[PDB]
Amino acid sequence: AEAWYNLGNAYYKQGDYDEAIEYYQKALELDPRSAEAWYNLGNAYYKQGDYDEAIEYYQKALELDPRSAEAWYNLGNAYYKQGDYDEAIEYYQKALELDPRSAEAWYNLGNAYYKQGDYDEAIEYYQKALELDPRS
């Protein structure tokens, strides 16, 4: 499974998401245990703009490792891309409980509240983001 997974990773890293999906799926047929495998399969679908597929496999990754701030965050992103800002906020919240150091994660939490027209909540999370990284 690991060699198939590494092939998928190499394709993913050069931006060939169709090939990444093929070889990630092969790795999971042999070893469905890896959270990082389901997570990166989700990432591959996300990068294609196949957000329902991304959501399906992010959930699988989270069921195997619910401590994964990265998986919660990317699940948030998939909903944000669908315009589901309520679900985006819910999953960003869980990501930021597990790792509150990511200026990027606070920023996108702010963006999700901004998109709902909740400007004071946007301000709160933008302020946190800029406290960590004041360059953007």
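So that there is no doubt, residue numbering starts at 1 and follows the sequence shown. Whichever C-alpha set is largest while still superposing within 1.5 Å between the two forms counts as the rigid core.
Asks: Core-aligned, RMS over all structures and residues: is 97-105 or 54-62 the stretch with the greater C-alpha displacement in 5 other deposited structures of this protein?
Replies: Relative to the shown form, the greater RMS C-alpha distance in 5 other deposited structures of this protein belongs to 97-105.
Asks: Comparing average C-alpha B factors as deposited, tell me which of 83-91 and 67-75 sits higher.
Replies: Mean CA B-factor is higher for 67-75.
Asks: Comparing 100-108 with 32-40, which has the greater mean CA B-factor as deposited?
Replies: The deposited B-factors put 32-40 ahead on the C-alpha mean.
Asks: Taking the values exactly as deposited, rank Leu7 by C-alpha B-factor within its chain and report the matching third: lowest, middle or highest.
Replies: It belongs to the lowest third of the chain when residues are ordered by C-alpha B-factor.
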